[PDB]
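Read off the chains here:
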Amino acid sequence: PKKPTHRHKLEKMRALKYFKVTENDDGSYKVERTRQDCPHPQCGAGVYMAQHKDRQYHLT
RNA sequence: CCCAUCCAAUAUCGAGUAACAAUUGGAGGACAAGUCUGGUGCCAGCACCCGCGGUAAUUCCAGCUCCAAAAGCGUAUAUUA
RNA sequence: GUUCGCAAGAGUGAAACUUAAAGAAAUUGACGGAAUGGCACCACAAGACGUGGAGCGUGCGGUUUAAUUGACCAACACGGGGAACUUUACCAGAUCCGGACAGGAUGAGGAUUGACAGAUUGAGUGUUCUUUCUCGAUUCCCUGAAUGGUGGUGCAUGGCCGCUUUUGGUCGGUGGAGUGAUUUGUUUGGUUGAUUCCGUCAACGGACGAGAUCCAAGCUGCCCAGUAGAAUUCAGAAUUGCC
RNA sequence: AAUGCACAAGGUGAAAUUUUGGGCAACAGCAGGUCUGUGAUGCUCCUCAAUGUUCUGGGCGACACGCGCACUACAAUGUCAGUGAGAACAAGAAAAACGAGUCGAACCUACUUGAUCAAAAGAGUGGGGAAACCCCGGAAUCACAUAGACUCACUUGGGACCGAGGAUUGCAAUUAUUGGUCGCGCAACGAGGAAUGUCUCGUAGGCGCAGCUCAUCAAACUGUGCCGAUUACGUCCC
RNA sequence: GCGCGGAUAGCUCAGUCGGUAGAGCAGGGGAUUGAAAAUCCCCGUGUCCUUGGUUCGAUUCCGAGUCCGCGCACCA
RNA sequence: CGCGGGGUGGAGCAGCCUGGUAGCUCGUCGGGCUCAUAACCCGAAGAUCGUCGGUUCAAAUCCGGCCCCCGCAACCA
RNA sequence: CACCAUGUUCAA
Ligand SMILES: NC[C@@H]1O[C@H](O[C@H]2[C@@H](O)[C@H](O[C@@H]3[C@@H](O)[C@H](N)C[C@H](N)[C@H]3O[C@H]3O[C@H](CO)[C@@H](O)[C@H](O)[C@H]3N)O[C@@H]2CO)[C@H](N)[C@@H](O)[C@@H]1O
Ligand SMILES: [Mg+2]
Ligand SMILES: [Mg+2]
Ligand SMILES: [Mg+2]
Ligand SMILES: [Mg+2]
Ligand SMILES: [Mg+2]
Ligand SMILES: [Mg+2]
């Protein structure tokens, strides 16, 4: 009765996925991450999980 | 009036898209000249005669391009060959 | 209109209008409820075994249906068509691009690909809406196009098939005949399934088809076999009679 | 017959007149069929909610009816239940995949089993690349002094229709895929009107069997064998 | 003049004696054809004079009244 | 109106048992023959006997009342 | 010598 939309992928506006605080980086620390990977399924290296009500996400 | 003569005889206006612009009938045959493109689909129309047109029209309605005569060229009725 | 006639009629004799041929003689063909000679169990004869009647299978028509997707002797168990899905061409929906490549505007500060859970849905189908991560130039958005179609037209075609036709038929060359289309060769006679042969012959020389070649079956030679078979001779076993 | 080309009858022979049976077949043509065979094709239509292409579900198969073509019968020259003898053509498994450049499994099959108890199955174990295994290919008609049941009836003829278990093919069986079991059989049908088809000897007819379609399904078709006649060997009547 | 009678699609026309409408052609589209004609299917469709008395409602009943036909008349 | 005749399958007509899915010709259907149609051949269907009553075991017939159709007459001053 | 009638319009 009504035509569907034929979805295009949404732009994330200058961030696909993101890190943590204290961008000074005075030789003490690497920056922390904001999600996890749960590896070997399938890659786990740069695979970062979704929030989705803090649940999960690929796949892995 | 026209035509003719003239743009100095000391001394006369003027072409450019020379826009100051050719048309009238045709392109199957007789009969000179398109197996071009678009439209219509035995309709609309053409065709003196033969014939064209029934969804790929050498013939209709048009655009292009050609042919013929040309300040002319079609058509009709008489009339001679 | 007039002159003849007892009358039927006769003689004389137009036009308006209409039409693109009507005719004439020949040729080639097709056709005859026209002669003549042949042939064929897709003809009959003399017969066989059936179909048409019945029940079912299957194809065709019609009627239904959302839809029930060529052909009318030479269509109808045929399109190798005995389709549950697929096939598939039809109907109700749903995806995907398999719209290459160009040109123009977004574009890495992201063009875009894909998807878990829910809602949507016929669908534990991300198709889409919410959600956020992945993909990392492959794409996407416009414009121009192109490639796909078991879309149409077999009356635009190629190819193949069927059918004219199970018939013996067609064609040149050069000569003859006629203004010519066209004839002759290619024939009246016998003959064969056969323009097959013999003879005749204004024809003579050729080409194809027919025959030949090819396959299969029947008899047969050579070759041949621990992928075919046979006999024998010793051993082993079985019957062994009075019924 | 009258030269010739040849013909009939008989011989010879395995075979006697195209030996038999097929294949192949000229020239012209049909406005035959095929655009549903092709990456055969011109033109023209559709071309992103597409007439493309894929899913999902239907349909092609739906039945007052009319027709082609088969199949099964209407029975005693038979149906049944036994038992015997005994054919030919034929088919048969796999990929640059998944497994252990070599080998396996997909295909057909015998044999055992299932079996101190129905078929249909389901399982083992062999073999076969096919003249080598199936296979001494145990086809069905037929046969039988079978001292077998029926005895002329819509009947033990016929098996349409459909009811209930069950098991296999498939990813899926409902508008039963197919087999098997017990019911139903009171469904016509007793040899078929007008009409009509094919056929001249290993033929017609009967009989089955392979292959092909095929995961599952032959009343089909292409082949093959088996049993095996009636009539004509004529004519132009249609 | 009186009486008998008939009006329903663009036209033509059948009606259950007093419960609501039939076709067909003409029309618009398909199937068919080489295009047509025929042919078949599907579609637009008739407030029935005017109305009253109103059977649950007048087309179907009866009587009034446009329409258009038919039976029958000074007196010797 | 008097009087007289008839209503029968879609058409035209018959019908003497008081009675045959009532009969006839044509038509309508279904199949054949034909390339196709007609002719022709083989089949099958179709009747509120106009209607209501009554006689009867039984009615198209028999007796009626009605509705129609069709005439014969409808006289002499 | 029984009966044996007919096949729409253009076009190819
Ligand atoms: N290519 C052979 C052709 O045979 C034709 O002739 C054939 C016909 O005369 C005739 O054929 C007939 C046929 O007409 C008819 N319609 C059916 C008949 N069965 C045939 O018969 C022929 O074939 C069968 C083989 O099955 C045999 O019974 C018979 O011996 C044979 N004469 O027999 C000949 C076949 O041998 C023509 N001569 C010719 O078209 C051609 O040569
Ligand atoms: Mg044109
Ligand atoms: Mg022009
Ligand atoms: Mg059908
Ligand atoms: Mg010459
Ligand atoms: Mg009969
Ligand atoms: Mg006539």
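Residues numbered from 1 in each chain as written, not as in the entry; some residues may be left out. Chains lettered and ligands numbered in written order. Part of a larger assembly, values for the part shown. Heavy atoms only, no water. Residues with missing side-chain atoms left out of burial classes, pairs and counts.

Looking at the entry header, you'll see cryo-EM listed as the method and 2.7 Å as the resolution.

A. How the structure looks around the overall build of chain A. Per the secondary structure count, chain A includes zero helices and zero strands. Its C-alpha radius of gyration of 17 Å places chain A more than 25% over the 10 Å reference for a compact globule of 60 residues. In terms of principal-axis extent, the alpha carbons of chain A reach across some 60 × 30 × 20 Å. (Helix = DSSP H or I, 4+ residues; strand = E, 2+ residues; numbered from the N terminus. Rg over C-alpha atoms; globule rule 2.2 N^0.38 Å.)

B. Summary view of unusual backbone geometry. The omega torsion of the bond from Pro-41 to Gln-42 falls at -25°, within 30 degrees of zero and hence cis. Unusually for a residue other than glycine, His-6 sits at a positive phi of about 60°. In this structure, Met-13 is a non-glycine residue whose phi angle is positive, near 60°.

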